[PDB]
Amino acid sequence: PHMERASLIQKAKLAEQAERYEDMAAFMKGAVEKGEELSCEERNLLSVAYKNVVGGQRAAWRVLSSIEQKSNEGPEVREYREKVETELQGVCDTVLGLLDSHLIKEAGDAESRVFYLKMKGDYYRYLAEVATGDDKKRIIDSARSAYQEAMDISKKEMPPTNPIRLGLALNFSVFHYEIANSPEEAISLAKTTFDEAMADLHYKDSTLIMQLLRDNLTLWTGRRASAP
Amino acid sequence: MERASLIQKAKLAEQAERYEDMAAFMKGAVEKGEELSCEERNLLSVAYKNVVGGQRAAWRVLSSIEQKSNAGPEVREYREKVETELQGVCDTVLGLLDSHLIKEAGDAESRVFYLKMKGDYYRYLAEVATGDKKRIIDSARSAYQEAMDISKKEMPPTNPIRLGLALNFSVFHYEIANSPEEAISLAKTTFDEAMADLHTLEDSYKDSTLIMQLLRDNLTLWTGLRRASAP
């Protein structure tokens with residue numbers, strides 16, 4: 001079983017080098033299901049895999065949704081957009097299932113707890129991107145609680161230059177602007193995060209997030225970025 | 001009707017870069033029977049070219065790692081998984097060409113396109129095959145050679161399907177049949193003959209010049225980083 005777990009993680013690393021993210025996701029899912037807590041590295045494999053999988057589906061959904069909107073003045077677009085929507089929901093539910101049933105409960109330290117709660121907020125946010133019904137409100141609130149719980153921990157346990165916190169703030173400020181429709185909160189959070197991280201420097205990818213905040217702020221004052 | 005919707009969805013999947021879906025839709029549309037127009041053949045080929053392209057690239061990466069490790073059995077196992085998947089896609093494409101497209105192809109242009117495709121997909125099987133390999137190599141050779149005979153008789157030396165065919169047949173000679181002289185010969189000849197007959201070059205000048213650029217690249221590589229084949 002740990003013998004197996006090791007092979008699944010090795011195959012997940014191979015799948016990353018071969019850019020076979022659906023396979024990578026499957027291997028990491030299986031490895032998480034062996035029980036063992038994921039390390040610094042192993043966690044990033046999990047997130048990379050699902051980020052790329054869902055990223056492609058989201059991009060496709062946006063393209064199709066955009067075409068469906070231009071045609072308002074062909075039933076195939078709606079049907080195919082629904083197919084992509086369904087697939088994407090399945091992946092988000094899979095990720096949310098792992099986070100709730102395995103990863104968040106088993107996360108001992110604050111770093112990993114932040115990491116998983118940010119992930120939780122992200123995947124509820126991606127469902128909210130397509131969400132339709134009374135369910136949308138629940139999804140939005142489940143996303144809010146996850147990011148807010150993560151914000152409370154990160155403010156108490158991490159410096160303003162930490163990339164999980166910087167990256168969390170980024171994604172929570174995107175949620176505020178797009179999902180919750182609170183562009184003031186969004187801008188506020190992004191400006192505060194940047195300014196607090198700027199005093200003082202100086203852990204390599206932190207600069208990339210800061211570059212993305214600068215970009216979002218310039219955009220929102222006059223496609224928005226989200227953390228990788 | 002259903003055919004029209006499948007083709008419309010194949011065009012949507014192209015715009016959304018969902019090539020596995022695109023392939024599935026074009027497969028279904030071919031299975032409605034109707035012959036493919038010029039636009040439709042390109043959708044079919046784009047879809048499967050991208051699908052198989054990703055699997056081949058992954059196979060190369062894994063095969064390269066498997067070679068550097070000589071243990072770790074996971075690389076072999078996962079390379080075999082990718083190999084199996086890849087074979088499934090090639091068999092699917094060859095099944096379509098043999099059972100539906102080549103028999104139903106009336107004109108020479110479409111016949112050459114499908115025979116080149118046939119050669120291409122037997123060549124991708126040959127890239128991974130072991131020992132069946134001889135039959136595969138020969139099935140690939142016959143398809144390309146039949147396509148070459150028709151193209152020389154029916155198409156100008158600047159036609160992009162003819163140039164593409166020659167480029168891929170020369171890659172077949174260099175990599176698969178292990179005939180670098182034939183490969184270089186065919187590539188040089190194809191380039192020089194297209195160059196001489198430029199007065200017969202209209203609307204496909206992007207596709208043709210691109211393939212001529214790839215012939216020059218391969219010639220520069222083979223005389224003295226990764227080799228090019230037609231998209």
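Just checking, does the range A:146-164 include any residue being of a type in the set (A, V, I, L, M, F, W, C) and farther than 30 Å from A:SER206 by Cβ?
No: zero hits.
How many of the residues making up the range A:158-216 are of a type in the set (D, E, K, R) and surrounded by 19 or more Cβ atoms within 10 Å (Cβ to Cβ)?
Residues flagged as of a type in the set (D, E, K, R) and surrounded by 19 or more Cβ atoms within 10 Å (Cβ to Cβ) within the range A:158-216 amount to 1.
Any idea which of A:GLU4, A:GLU82 is closer than 24 Å to B:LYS81 by Cα, acidic (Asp, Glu) and either assigned to a loop (DSSP other than H, G, I, E, B) or within 13 Å of another protein chain (Cβ to nearest Cβ) (or both)?
Just a single option satisfies the conditions, and that option is A:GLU4.
Among the residues in the range A:61-72, are any among the β-branched types (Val, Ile, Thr), in a helix (DSSP H, G or I), away from chain B (no Cβ under 12 Å) and touching a helix residue (DSSP H, G or I) at 6+ places or on another chain (Cβ under 6 Å)?
Looking for residues that are among the β-branched types (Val, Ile, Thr), in a helix (DSSP H, G or I), away from chain B (no Cβ under 12 Å) and touching a helix residue (DSSP H, G or I) at 6+ places or on another chain (Cβ under 6 Å), one finds none in the range A:61-72, hence no.
Cβ-Cβ under 9 Å, sequence separation 6+ or interchain: first residue in the range B:205-229 and within 19 Å of B:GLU181 (Cβ to Cβ), partner outside any loop (DSSP other than H, G, I, E, B) and of a type in the set (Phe, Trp, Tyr). Which pairs?
If the second residue must be outside any loop (DSSP other than H, G, I, E, B) and of a type in the set (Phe, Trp, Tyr), the pairs left are B:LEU215/B:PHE191; B:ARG216/B:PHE191; B:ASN218/B:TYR174; B:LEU219/B:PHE191; B:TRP222/B:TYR174; B:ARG227/B:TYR174.
Of all residues in the range A:7-30, count the ones that are within 17 Å of A:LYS51 (Cβ to Cβ), among the small types (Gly, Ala, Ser) and part of a helix (DSSP H, G or I).
4
Of the residues A:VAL48, A:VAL95, A:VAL77, which is surrounded by 14 or more Cβ atoms within 10 Å (Cβ to Cβ), facing another protein chain (nearest Cβ under 10 Å), assigned to a helix (DSSP H, G or I) and among the β-branched types (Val, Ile, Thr)?
After applying the criteria, what remains is A:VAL77.
For A:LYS29, are the conditions met, namely being surrounded by fewer than 17 Cβ atoms within 10 Å (Cβ to Cβ) and more than 9 Å from chain B (Cβ to nearest Cβ)?
So A:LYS29 does not fit the description; no.
Return yes or no: is A:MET24 more than 14 Å from every other protein chain (Cβ to nearest Cβ), out of contact with any strand residue (DSSP E or B) (no Cβ under 7 Å at 6 or more places or on another chain) and crowded, with 16+ Cβ neighbours inside 10 Å?
In short, no.
Every number in this text was worked out from the coordinates using simple rules, so none of it is lab data. Methodologically, a virtual Cβ is constructed for each residue, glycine included, from the backbone with ideal geometry; neighbour enumeration extends over all protein chains shown.
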